[PDB]
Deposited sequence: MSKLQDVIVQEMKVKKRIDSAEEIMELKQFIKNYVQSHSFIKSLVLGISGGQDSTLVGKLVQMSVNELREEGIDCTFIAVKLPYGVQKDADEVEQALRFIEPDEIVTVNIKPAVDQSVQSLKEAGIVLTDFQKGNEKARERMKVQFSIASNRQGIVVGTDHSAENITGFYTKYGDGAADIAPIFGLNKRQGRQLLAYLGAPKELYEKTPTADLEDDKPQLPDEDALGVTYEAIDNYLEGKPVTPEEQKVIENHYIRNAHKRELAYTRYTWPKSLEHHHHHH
C-alpha cells in the first residue's frame, strides 16, 4: 500500500515464525546482552498478568537459567498492584508459568495518590487519563529503582503491534532492552502456546488487533482500518524517539 510498505519495513514483523527458532533467537539476544555487560547481575520486569509481560518474563527466566549453566544472574519478577490487586488470578497464573528466581511486590498506590495530591494542591487537577499515566510512570520508577538496587537492567515488553498503536511516554514500557520488538500480537500468542502457558494468559483503538497484525504482516486491510492504523502510527512517532533536537526534527 506504499505507506504500509514503510511501516512494514520499520516494524520488522516476520511473515511467519517458527516457534522453536524464534524463541531460540529471542533468548540469544537476551543472553548476548547480559554476557556483553559486566555489571548485569539481575533482570527486572513487572508482571501484570497480561500476555506481553507473561511471554517476556518467561523468555527472560529461560535465558537466565541458561546463562547460569554457562557460568551469575537472576530474574526478578515484580508485582505492581495499584491498591488491591483485582486481576490477582492472571498475575499469579503468570508467575506460576514463569517460575521467577525472585518475586518483589511493590504497591504503587501510596506514591501515585501523593503525586496526584501534590499537583492538586498546586492547582493542577489531573483527569482520570492523566492519573493513569502517573500510575504507569510510577511502575517505571519501581522497576528502575529495583534494577539499580539489584545491579540489573529493566526489560521492556514493547512489540510491533504496540509500537504501531496502543504505551505511556517514559512510563511502564520504558526499559533498557525490549526483546520482543518485531513480534506482532498473534505471534506472541503462538510463542506462549508453544511454551505451554495456560490459555487464560493469551486470550477502543477503532481497529482490531487482527487488522493491526495483518497490516504489520503486509497484508491488505480495509481502507477504513488503514486510516486508523496509519493515523495511530503517525501520532505516536514521538514515542519511538527521545526528545527532538535541531538535528532530528
* Which deposited-sequence positions, grouped into ranges, are missing C-alpha coordinates? -> 1, 73, 169, 207-224, 271-281
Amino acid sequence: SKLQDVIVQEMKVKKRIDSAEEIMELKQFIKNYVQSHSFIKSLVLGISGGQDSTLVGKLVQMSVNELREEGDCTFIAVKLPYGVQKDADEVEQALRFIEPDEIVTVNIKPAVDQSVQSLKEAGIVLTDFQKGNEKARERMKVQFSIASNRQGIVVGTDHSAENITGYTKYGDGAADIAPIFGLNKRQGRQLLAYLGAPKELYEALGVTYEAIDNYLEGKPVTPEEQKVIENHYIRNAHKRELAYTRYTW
From here on, numbers count along this sequence of modelled residues.
* **35-43 or 51-59, whichever carries the higher mean Cα B-factor** => 35-43
* Asked: Which is higher in the entry, the mean Cα B factor of 8-16 or that of 235-243?
  -> 235-243
* Asked: Highest Cα B-factor in the deposition, which of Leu191, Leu205, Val64, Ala211?
  -> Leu205
* To do: Pick out which of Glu138, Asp176, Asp72, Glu162 has the highest C-alpha B-factor in the PDB entry.
  => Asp72
* What third of its chain, lowest, middle or highest, does the C-alpha temperature factor of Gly156 fall into? -> lowest
* Mind checking which third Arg68 falls in for C-alpha B-factor across the chain? -> highest
* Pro198 - which third its CA temperature factor falls in, relative to the rest of the chain -> highest
* To do: Could you look up the Cα B-factor of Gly182 in the entry and say which third of the chain it sits in: lowest, middle or highest?
  => middle
* If you rank every modelled residue in this chain by C-alpha B factor, which third holds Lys86: lowest, middle or highest? -> highest
